[PDB]
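Just below is one structure, and these are the notes that go with it.
Positions of Cβ are generated from backbone atoms using ideal geometry, with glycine treated the same way; all protein chains shown enter the neighbour counts. Every number in this text was worked out from the coordinates using simple rules, so none of it is lab data.
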Amino acid sequence: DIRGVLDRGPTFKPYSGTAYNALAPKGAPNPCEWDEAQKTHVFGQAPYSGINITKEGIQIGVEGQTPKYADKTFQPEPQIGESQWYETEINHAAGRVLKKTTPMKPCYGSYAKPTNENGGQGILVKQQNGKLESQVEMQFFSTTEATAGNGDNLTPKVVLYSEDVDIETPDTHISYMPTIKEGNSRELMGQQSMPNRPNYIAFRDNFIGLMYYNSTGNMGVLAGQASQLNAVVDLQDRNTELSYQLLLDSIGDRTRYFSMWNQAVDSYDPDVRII
Amino acid sequence: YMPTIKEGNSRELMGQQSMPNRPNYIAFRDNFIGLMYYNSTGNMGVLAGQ
Amino acid sequence: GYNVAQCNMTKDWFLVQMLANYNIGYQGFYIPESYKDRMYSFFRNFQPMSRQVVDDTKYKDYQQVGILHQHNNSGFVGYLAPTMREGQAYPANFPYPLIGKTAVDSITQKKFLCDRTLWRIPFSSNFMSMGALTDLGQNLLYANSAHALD
Amino acid sequence: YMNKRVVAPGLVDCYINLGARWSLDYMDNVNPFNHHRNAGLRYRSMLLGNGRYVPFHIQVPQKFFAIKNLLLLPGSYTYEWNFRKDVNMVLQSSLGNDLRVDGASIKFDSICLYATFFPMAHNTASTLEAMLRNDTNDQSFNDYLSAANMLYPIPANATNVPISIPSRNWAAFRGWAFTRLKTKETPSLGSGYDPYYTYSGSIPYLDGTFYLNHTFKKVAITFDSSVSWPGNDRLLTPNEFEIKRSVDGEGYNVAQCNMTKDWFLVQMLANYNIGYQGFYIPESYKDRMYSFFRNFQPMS
Amino acid sequence: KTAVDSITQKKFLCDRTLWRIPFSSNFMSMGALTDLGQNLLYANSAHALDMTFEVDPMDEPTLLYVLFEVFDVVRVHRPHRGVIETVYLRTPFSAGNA
Amino acid sequence: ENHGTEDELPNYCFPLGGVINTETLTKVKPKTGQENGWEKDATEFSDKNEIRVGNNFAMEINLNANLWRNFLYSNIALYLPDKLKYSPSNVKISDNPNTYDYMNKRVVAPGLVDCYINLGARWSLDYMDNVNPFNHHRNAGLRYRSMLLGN
Amino acid sequence: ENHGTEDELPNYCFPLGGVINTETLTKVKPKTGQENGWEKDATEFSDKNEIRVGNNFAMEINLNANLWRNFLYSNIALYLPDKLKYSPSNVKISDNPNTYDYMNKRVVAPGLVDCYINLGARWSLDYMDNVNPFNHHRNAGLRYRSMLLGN
Ligand SMILES: [Ca+2]
């Protein structure tokens, strides 16, 4: 009987494909925003329907007569939108986006640790006064043409929240880098991602190699207690292993598997080798 | 998804969606279990000489 | 460490079942022959299962995310319903990665599964099936006296 | 290196060898047991669980033949054994990445031993002991494989390999059995540990998976510089066995394969004593998994 | 109706298995101890051996793995309490100086 | 046998970039002092920012139904008694009813056999009872014999 | 036994006519005896021809993921214990927790089970251990018996 601690390594990938927004097309970029020349451009989206915007925020509900506004930590949720399919009029949409600090990656296989029970993600920082707090900003947009007129209204139409999250790809790699120029730039949006190859790891069949065999350097000993006369003699040109193998083969059916001895048989697929 | 709560016909609707019903089989059991009484003093079977 | 077969079962019960259904075990273990192992037997219907899961305490960033805020496949499928698609795109938040260079400390859970069979316990002196009757069924101590069962 | 490289899908697309039961060339000499569809391998990997950090608890059987089934008798004895810790040996991969570099590890906490007895009646046990002690009732044991094993190097692009055996008695022989192995794959035993060895496929020389037997050409045997065993003018080509022919001008191939008749005949005989009364598919029981006829594949 | 002129290629695969060669006068498995061994015992002689292998070429170092099927047995004797003696024997290729 | 198809979900597609019908817009900042004020900021944010509103484009498809349809069709259809086909229109055809051409250029309407034939019932079609089921195209033995000779 | 899916290649559905987005153009020929320069030639060519510049437009999908997702939702999720489902909105359902209607018109969030659960680990869900795995719609024997009486 053996008990112990095993660390399979940082390259243990037992599944085909990846497990993060697998449905997403293999080219669609995340809502991002980058720098050019010397200004800033934004690529974004806004699925949520609102009611009325203000410099204070975006209305979500009504408590009595006081308007209610979204919590900047986790609203609006990215997976909430209008259900009706036939398009209609909307005037107070909102969305989320990542600031230029965090590097850009495709939507394929994109992860970010949640940082509050509500479910939002956002890099906490240590506030100047001893505490921890988030840092989000709000941006407002109105129609272009609607800027060729007195500020008679200029009412903002679309609201974005900007964020920064520690994105990382745990299982996929870039399959196309258009240009070696590092940093955030307009080129990088052409990149595409591919999942890593599957890769298993385990104990061998019947635990081959776990215990020493056929080596006078470390031969095992079974003996009478007082006599201390070795009862086992081993030679080094006898491969004990191909042995258990074929013997098991015969005196039974290897096709089946058993757990107690980890009894399983290495075997390929009959339709891979021959096409 | 029934966008509204009223009835008749109203733009409101024309936006619904449909969904198939779950499958459901019904037939006799294996070896007709329960088709003949057993171990029931109310309905003991009889095989005897006339 | 009384667990065996890499399941959550003690050795003794495994031995008892193997004996009571195959007279096998006093001389090792192996795979019983097919014709001695019918459909409702023990061995054919024994499946051990095990997994790893995130550790609530030892990991210091554990955050219980309810169902109402798991936004994997954010903008490409409905919300808490099989209905039409919605939502925008945005990196996800679930589930934690158990692999790769940034794995999170985990714990293990094991169990087994067994069906189409009832647990059997033979009334022998040493549990070995040795005939349509038993030795213990004939000894006077249990055959010429009275007893209560608990 | 094996995960970031890339290969154009034009090599093998839906317009390759159409309608032909055939296998690609470069794939023949690459072991197919290194894959992600080895049902045994995926079973064994899943059985530990999908995580990365695992406490494990196993029981390892004893396999030495000389003490496999020996019936011990009362008294005290000492039992001492060893175990490896080299992560690259005990662990099996699916690609061939040397796990030492990648940084896998294993550690042992405690070892325990178990044993089972029989509640046999005491007087009967004593009688059985005494009877078993008389020297006319010793214990005999024979290994299953029971052969001598030799390895000979073969350099790159070689075509000929001669081997020699100095003069010796040959009482009670049984015969030959050969196969081939791909260097970088085979390990190098004989010491506590080795380096200079990176890979992880499926040690073939040590488990069964064998996969290049599709490329030998001819084997010749001589005794004392004059005898062409088995001689006495039996085979189609008396001097030696020629397994597969490249160019045939006389029709010596069978089963539409490129294998000479004689080799088929010899293999059938030595497997099932079948062939002096025609041919026919051997029954299941006399043809186990590792048999010959189970693993015969002709392609064209 | 516009096919090109073609040639054919044939081959075979036999993974998982070992070519073998029995030692008899008829290649038939007629028992554990084949006749030719007994006949050599009759002769009471000694001889040398040569073998030659010709293989397909490969662009990689390789090994040739050869098994000589032989006899090998162990007999175990237990005279007293808490003692055990054993005798090995492997033929033809023996291993002991006594 | 016909249990229908398991298609209780949609398989919408999407556009290559995830968004195509985007719309331009411009930065808006709250005017200082007076409340509800607004004005334009063009110092840092570029004049033109592309943004989508609402959901994104997508095209629906039903997979399992298509797979089944295709199959049933193929097989059972293109093998019903001839009394159920009809010649093509304004295309050259053969006249001998036993050649390759005649068996190839004939056409047969899928409506005869589709994914709604005697649903939930284990059954075989009457027209096929008196037609050889070995002259099909899955005689694994026939396929093997054809392959072994070559392609 | 969730191995994941093989989706290393994309699957693109193309427009029906090959291309759709296209501009018009006009014939041009070199102007002789000038080392450069060009002139219109509508003598024998239409002055307005169709041409598309760049790669054609086509939408993407992911197949194996969707198939596996449909299978998981269809054959597992619906059978979860009633305690985890929730009532629908604005639809009448019966009160008896046993009738066919009440089971049919309930609804269960697909997010509970999808292709991102227990990846790589052969495992059975705790909520399903104590649910009978025999009252099920893929049970071969029961299906056979139901068919055998017709449909
Ligand atoms: Ca134009």
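Taken over chain A, the convex hull of the Cα atoms encloses 365 Å³ per residue.
In summary, the convex hull built on the alpha carbon positions of the range D:11-81 has an orientation-averaged projected area of 10.9 nm².
In this assembly of identical copies, the label point of residue F:58 (Cα plus 7 Å along Cα-to-Cβ) is separated from its counterparts by 2.3 nm, sorted shortest first. With neighbour counts taken as other beta-carbon atoms within 10 Å, the residues D:120, A:260, E:51 rank, fewest first, as D:120, A:260, E:51.
Evaluated with a Cβ-only charge set (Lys, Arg +1; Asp, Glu -1), the range A:1-53 carries a dipole of roughly 220 debye about its Cα centre, given to the nearest 20.
Each stretch of four or more DSSP H residues adds -39500 (n - 2.57); spread over every residue of chain A, this sum gives -1000 deg cm²/dmol at 222 nm. Shielding of peptide F:117-123 by partners, expressed as the average count of other chain Cβ atoms within 10 Å per residue Cβ, is 4. Global size of the protein assembly as shown: 38.0, 132 Å for Rg and Dmax (C-alpha atoms, Rg to one decimal, Dmax whole). Computed from the Cβ-Cβ distance with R0 of 51 Å, the FRET efficiency linking residue D:277 to residue C:147 stands at 0.15.
Local charge sum around residue G:39 (other residues, Cβ-Cβ under 11 Å, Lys/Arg +1, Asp/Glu -1)?
Computed value for this residue: +3.
Chain G holds its axis-closest Cβ, relative to the rotation onto F, at the residue and whole-Å distance G:13, 3. Placing unit charges on the Cβ atoms of the charged side chains and taking the dipole of the range F:41-91 about its Cα centre, the candidate lying farthest along the positive direction among F:90, F:51, F:62 is F:90. Taken about its Cα centre, chain G carries a charge dipole of roughly 660 debye when the Cβ of each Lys and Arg holds +1 and the Cβ of each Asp and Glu holds -1. Tell me, rounded to the nearest percent, the portion of alpha carbon pairs in the range D:160-205 spaced more than 12 Å apart. Percentage above 12 Å: 77.
Peptides A:160-171, A:242-253 ordered by packing proxy, namely the average of other Cβ atoms within 10 Å per residue, highest first: A:160-171, A:242-253.
With a 10 Å cut-off around each Cβ of C:2-11, the average count of Cβ atoms from other chains is 4. Projecting the Cα atoms of A:70, A:116, A:48 onto the dipole axis of chain A, where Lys and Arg carry +1 and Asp and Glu carry -1 at the beta carbon, places A:116 farthest toward the positive end. Applying D = kT/(6 pi eta Rh) to the range D:97-233, where Rh is the Kirkwood radius over alpha-carbon pairs, T corresponds to 4 °C and eta to 1.567 mPa s, the Stokes-Einstein value obtained is 59 µm²/s.
The mean sequence distance of close C-alpha pairs (under 8 Å, at least 6 residues apart), as a share of the length of the range A:195-275, puts its relative contact order at 28 percent.
How far is helix F:63-77 tilted off the main Cα axis of chain F, in degrees rounded to 10, range 0 to 90? The answer is roughly 20 degrees. A full extension of the chain between residue E:44 and residue E:87 corresponds to an added length of 13.0 nm, given 0.36 nm per residue minus the alpha carbon distance. Prolate is the label for the range G:1-78. Its Cα gyration tensor axes, ordered a ≥ b ≥ c, give a/c of at least 1.5 and a/b above b/c. Take each residue in D:128-140, count the other chain C-beta atoms within 10 Å of its C-beta, and the mean is 3.
Backbone phi angles across the range F:83-100, fed through the Karplus curve with coefficients 6.51, -1.76 and 1.60 (θ = phi - 60°), yield HN-Hα couplings of 4, 10, 10, 7, 5, x, 9, 6, 10, 4, 9, 7, 10, 5, x, 10, 7, 6 Hz in residue order; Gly and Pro are listed as x. With K and R counted +1 and D and E -1, the other residues having a Cβ less than 14 Å from that of residue D:272 yield a net charge of +2. For the range A:1-123, the spread of Cα positions along the three principal axes, ordered from largest to smallest, is 71, 45, 33 Å.
With r as the distance between the Cβ atoms of residue G:145 and residue B:43 and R0 = 30 Å, compute the FRET efficiency 1/(1 + (r/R0)^6) and round to 0.05.
Approximately 0.70, to the nearest 0.05.
Each semi-axis of the equivalent ellipsoid for the range A:201-275 is √(5λ) with λ an eigenvalue of the Cα gyration tensor; in descending order they amount to 34, 14, 12 Å. Each other residue within a Cβ distance under 13 Å of residue C:117 adds +1 if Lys or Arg and -1 if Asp or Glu, for a net charge of +2. For chain C, the longest principal axis of the alpha carbon atoms and the long axis of helix C:11-22 meet at an angle near 60°.
Packing order of peptides D:132-140, B:37-45, D:86-94, highest average first: D:86-94, D:132-140, B:37-45 (average count of other Cβ atoms within 10 Å over each peptide's residues).
Check each of the trypsin sites (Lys or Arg not before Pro) in the range D:78-127 and keep only those in coil by DSSP with at most 14 other C-beta atoms within 10 angstrom; list them in order. Walk me through the numbers before you get to the answer.
On the way: sites: D:84, D:85, D:100, D:107; in loops: D:84, D:85.
Loop-located and lightly packed - D:85.
Only Cα pairs under 8 Å and 6+ residues apart enter the sum, and on that basis the relative contact order of the range C:1-115 stands at 30 percent.
Calculated mean residue ellipticity at 222 nm for chain G: -5500 deg cm²/dmol, from DSSP H runs with n ≥ 4 weighted as -39500 (n - 2.57), summed, divided by the residue count and rounded to 500. Simple rule: put +1 on each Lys or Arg Cβ and -1 on each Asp or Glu Cβ in the range D:122-219, find the dipole, and look at D:134, D:122, D:195; the Cα lying farthest toward the positive end is D:195. Enclosing the Cα atoms of the range F:1-142 in their convex hull gives a volume equal to 262 cubic angstrom per residue. With +1 on each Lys and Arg Cβ and -1 on each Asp and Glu Cβ, how big is the dipole of chain D about its Cα centre, in debye rounded to the nearest 20? Around 700 debye, computed over chain D.
A 24 angstrom limit on the alpha carbon distance is what I want to check against. Which of A:99/A:181; A:157/F:48; D:182/D:218; A:26/C:60 exceed it? Display every interim value, and only then the final one.
Values: A:99/A:181 20 Å; A:157/F:48 15 Å; D:182/D:218 19 Å; A:26/C:60 33 Å.
Checking Cα-Cα distances, A:26/C:60 exceed 24 Å.
One compactness figure for chain C is 1.75, namely its Cα radius of gyration divided by 2.2 N^0.38 Å.
Residues whose amide H comes within less than 5 Å of that of residue D:260, counting only those at least five positions distant or on another chain, are D:244, D:245 (H built at 1.01 Å from N in the peptide plane).
Within the range C:4-54, the proportion of Cα pairs with more than 16 Å between them is 46 percent. Evaluated on chain D, the Kirkwood hydrodynamic radius is 25.4 Å, with distances taken between all distinct Cα atoms. Applying 1/(1 + (r/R0)^6) with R0 = 30 Å to the Cβ-Cβ distance of residue C:121 and residue D:105 gives a FRET efficiency near 0.10.
Taking 37 °C and 0.692 mPa s as conditions, the range F:75-145 diffuses translationally at an estimated 229 µm²/s according to Stokes-Einstein applied to its Kirkwood radius (Cα pairs).
For the range E:52-98, calculate the relative contact order in percent as a whole number, restricting contacts to Cα pairs under 8 Å that are 6 or more residues apart. Mind showing how you got there, number by number?
Details: 30 pairs, mean separation 14.3, N = 47.
Worked out over the range E:52-98, it gives 30 percent.
The listed peptides D:266-275, D:206-215, C:41-50, A:52-61, ordered by packing as a protection proxy, come out as D:206-215, D:266-275, C:41-50, A:52-61 (highest mean of other Cβ atoms within 10 Å first). The calculated pair-distance distribution of chain E uses every alpha carbon pair, bins of 10 angstrom beginning at 0, and gives 8, 24, 26, 20, 11, 6, 3, 2, 1 percent.
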